[PDB]
Amino acid sequence: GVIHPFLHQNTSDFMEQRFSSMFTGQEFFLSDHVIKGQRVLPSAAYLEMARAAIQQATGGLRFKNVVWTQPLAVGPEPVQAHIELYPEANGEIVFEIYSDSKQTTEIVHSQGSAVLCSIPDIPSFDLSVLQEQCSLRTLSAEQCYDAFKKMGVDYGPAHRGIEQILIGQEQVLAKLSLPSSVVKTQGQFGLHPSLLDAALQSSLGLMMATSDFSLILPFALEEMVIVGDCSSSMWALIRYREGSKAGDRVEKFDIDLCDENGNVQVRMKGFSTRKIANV
Amino acid sequence: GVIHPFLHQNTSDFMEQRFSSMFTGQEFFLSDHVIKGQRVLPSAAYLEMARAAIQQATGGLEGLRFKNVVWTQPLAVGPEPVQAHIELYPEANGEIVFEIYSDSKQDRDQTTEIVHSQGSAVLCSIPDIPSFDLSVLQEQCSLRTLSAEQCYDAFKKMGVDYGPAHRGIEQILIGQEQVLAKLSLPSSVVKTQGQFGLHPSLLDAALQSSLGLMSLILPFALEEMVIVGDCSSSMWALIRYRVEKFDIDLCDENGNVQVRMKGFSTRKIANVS
Ligand SMILES: [Mg+2]
Ligand SMILES: [Mg+2]
């Protein structure tokens, strides 16, 4: 069987630690994640792939300086994907996720580094205070995914984890829930692609503040800290990094994934995003 | 699926290169290789496991050499499947140390690793070994001829029950301090010829043929082995008695040496009756 939905088989050799996966397009994280008519691997999937791969290769994880370079599109031909892990003497693990292109060449999709550090003691959020601060407008799930549909982003049942987005000033607070379609798979992932992708989806609220429609995908992430486990229902607090405003050539924001009580389970700092489509 | 009949899956981690295999006992190299009532992995299998493992770990050829191999413990597969592993440790001088072990299910205790085989490997060039004149060797080994029925009848009497897949001996020609054994892949397993480099049926048949030189028990050891070429459907095993060491040349129909083994040693036990 498979080691992990993103790690089908270990293919390590004397030179490199490596895992390999054949994505067909029938997996929920591809068939229900269609951007501009083509099934594309969610940005969140790469982080979970690197996390699981590191967990296997080692027998308090922090990612740093992650980049998303090229989308992994799965058309009529299955795609052979790989992740290689390079350990360094200082405890740092460099990962690279690529796929095999047919003419031999490797297509690079994501790079980054990881370190196993101690877990920081982040104080829990008062969700009541945040909800009041984000009372300018409330966006329903229908409103969010209607906007996405207009931008050419077709999210299937497994990737409609947004229940609603509470909009504030330079921040939004999004309520997330694992879709009932994929609850069976909750235990197969640490960072579930449905929840984590929904957290990144919720950055739409920052754009909806501007109202004027535009598609703004992330290309980089400065830091990610896994503090604890994810639950089926969570919250995403998204804030513009000081000095960053909506409409910038490169929009920078942070995302905190919190449990029902306001505990920070995953802290993401320094998303960088570029506008790729208007209206 | 499985990478190789002896390498089911790669399980390497940052610490070690590793492959793992769960043997059920239904495989031909276990059900047809019964010693003293137990299905046991043939000694020949360990070399093929190490060879296949090295081929995967290096990204795959010929010219491989094993040196200072030991066989310490038999891998018996009873009613419960057995979990086997091979770990490969590369060294700076180009040498690869391998260890083949299995997880023991000692109830009331915590699982422990049982070592079955150890050795080293090096990727070296192919030696230009002169072909043997099989006609001359057949003449030198004219003292006596043992048929297949005679050999495996003797084995059965000794408590060694070889099934169809491990009856590769067609006959043994007896000489002085040497024998020449005619080997053939049993038709039961000819389909699998391409799945192995060192096919366990042929290589085990070569080691079986050491019976011709007039009991041998574990631990075993091998000073050197050189893989020169591929194994064929029909082959010859030239066994020469060199302390308690003998050499085996696995040859094709024309006398070309495809596998050269030097310095097999096995513990000597008194023979009962
Ligand atoms: Mg590489
Ligand atoms: Mg080990």
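Naming: A, B, ... by sequence-line order, numbering from 1 per chain.
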Looking only at side chains, do [X] and [Y] share a donor and an acceptor under 3.5 Å apart?
{"X": "A:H4", "Y": "A:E48", "answer": "yes"}
{"X": "B:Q17", "Y": "B:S12", "answer": "yes"}
{"X": "B:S102", "Y": "B:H116", "answer": "yes"}
{"X": "B:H199", "Y": "B:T192", "answer": "yes"}
{"X": "B:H166", "Y": "B:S201", "answer": "no"}
{"X": "B:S20", "Y": "B:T11", "answer": "yes"}
{"X": "B:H33", "Y": "B:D161", "answer": "no"}
{"X": "B:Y89", "Y": "B:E87", "answer": "yes"}
{"X": "B:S234", "Y": "B:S184", "answer": "no"}
{"X": "A:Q9", "Y": "B:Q9", "answer": "no"}

Got more than 12 heavy atoms from elsewhere within 6.0 Å of [atom1], [X]?
{"X": "B:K105", "atom1": "NZ", "result": "yes"}
{"X": "B:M158", "atom1": "CE", "result": "yes"}
{"X": "B:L61", "atom1": "CG", "result": "no"}
{"X": "A:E88", "atom1": "CD", "result": "yes"}
{"X": "A:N90", "atom1": "CG", "result": "yes"}
{"X": "B:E170", "atom1": "CD", "result": "yes"}

Evaluate the side-chain proximity of [Y] to [X]: yes if any heavy-atom separation is below 4.5 Å, no if none is.
{"X": "A:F95", "Y": "A:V66", "value": "yes"}
{"X": "B:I248", "Y": "B:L207", "value": "yes"}
{"X": "B:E99", "Y": "B:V115", "value": "yes"}
{"X": "B:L185", "Y": "B:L202", "value": "yes"}
{"X": "B:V34", "Y": "B:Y162", "value": "no"}
{"X": "B:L250", "Y": "B:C231", "value": "yes"}
{"X": "A:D13", "Y": "B:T58", "value": "no"}
{"X": "B:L180", "Y": "B:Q138", "value": "yes"}

*Are B:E253 and B:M235 close enough, and set up right, to give a side chain to side chain contact (heavy atoms under 4.5 Å, CB included), and what steps lead you there?*
CA-CA 6 Å; B:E253 294 283 68; B:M235 302 198 74; over 6 Å; no

Under the 3.5 angstrom rule, does the side chain of [X] hit a backbone N or O of [Y] as a donor-acceptor pair?
{"X": "B:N271", "Y": "B:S215", "result": "yes"}
{"X": "B:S21", "Y": "B:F6", "result": "yes"}
{"X": "A:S110", "Y": "A:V67", "result": "yes"}
{"X": "B:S188", "Y": "B:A165", "result": "no"}
{"X": "A:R39", "Y": "A:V74", "result": "yes"}
{"X": "B:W71", "Y": "B:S43", "result": "yes"}
{"X": "B:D249", "Y": "B:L238", "result": "no"}
{"X": "B:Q106", "Y": "B:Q110", "result": "yes"}
{"X": "B:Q171", "Y": "B:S147", "result": "no"}
{"X": "A:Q55", "Y": "A:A53", "result": "no"}

Nearest 0.5 angstrom please: [X] [atom1] to [Y] [atom2], how far?
{"X": "B:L137", "Y": "B:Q140", "atom1": "CG", "atom2": "CD", "result": "5.5 Å"}
{"X": "B:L75", "Y": "B:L41", "atom1": "CG", "atom2": "CG", "result": "5.5 Å"}
{"X": "B:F264", "Y": "B:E244", "atom1": "CZ", "atom2": "CD", "result": "15.0 Å"}
{"X": "B:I227", "Y": "B:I126", "atom1": "CD1", "atom2": "CD1", "result": "10.5 Å"}
{"X": "B:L143", "Y": "B:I174", "atom1": "CG", "atom2": "CD1", "result": "8.0 Å"}
{"X": "B:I269", "Y": "B:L216", "atom1": "CD1", "atom2": "CG", "result": "8.5 Å"}

What are the two closest heavy atoms between [X] and [Y], and how far apart are they?
{"X": "A:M49", "Y": "A:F23", "value": "CE-CZ, 4.0 Å"}
{"X": "B:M261", "Y": "B:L222", "value": "CB-CD1, 4.1 Å"}
{"X": "A:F29", "Y": "A:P5", "value": "CZ-O, 4.0 Å"}
{"X": "B:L218", "Y": "B:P74", "value": "CD1-CD, 3.6 Å"}
{"X": "A:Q38", "Y": "A:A73", "value": "NE2-CB, 3.8 Å"}
{"X": "B:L183", "Y": "B:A206", "value": "CD1-N, 3.9 Å"}

*For side chain to side chain contact (heavy atoms under 4.5 Å, CB included), just list the numbers for B:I239 and B:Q178, CA-CA rounded to whole Å, side-chain angles, deciding distance to a tenth of an Å, and then say yes or no.*
CA-CA 5 Å; B:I239 306 184; B:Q178 66 171 349; over 6 Å; no

*How far apart are the C-alpha atoms of B:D109 and B:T112, what are their side-chain angles, what is the distance that settles it, and do they pass the side chain to side chain contact (heavy atoms under 4.5 Å, CB included) test?*
CA-CA 9 Å; B:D109 288 317; B:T112 191; over 6 Å; no

*Flag the pair B:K67 and B:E95 as a salt bridge only when some basic side-chain nitrogen lies within less than 4.0 angstrom of an acidic carboxylate oxygen.*
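Result for this pair is yes, salt bridge flagged.
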
*asked:* Would you call the rings of A:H82 and A:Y98 parallel, tilted or perpendicular, taking 30° and 60° as the class edges?
replied: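 Correct class here is tilted.
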
*asked:* Testing B:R65, B:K262, B:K245 one by one against B:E223 for a salt bridge (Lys or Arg N to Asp or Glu O under 4.0 Å), which residue passes?
replied: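 Checked B:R65, B:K262, B:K245 against B:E223; only one passes salt bridge (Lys or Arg N to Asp or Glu O under 4.0 Å): B:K245.
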
*Given B:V259, B:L64, B:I100, B:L198, the one that forms side-chain contact (heavy atoms from CB on, under 4.5 Å) with B:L47*: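 With B:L47 as partner, side-chain contact (heavy atoms from CB on, under 4.5 Å) holds for just one option, B:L198.
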
_Using the rule given for side chain to side chain contact (heavy atoms under 4.5 Å, CB included), can you reason through A:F14 versus B:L88, listing the C-alpha separation, both sets of side-chain angles and the distance that settles it, and then say yes or no?_
CA-CA 9 Å; A:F14 284 144; B:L88 304 175; 3.9 Å; yes

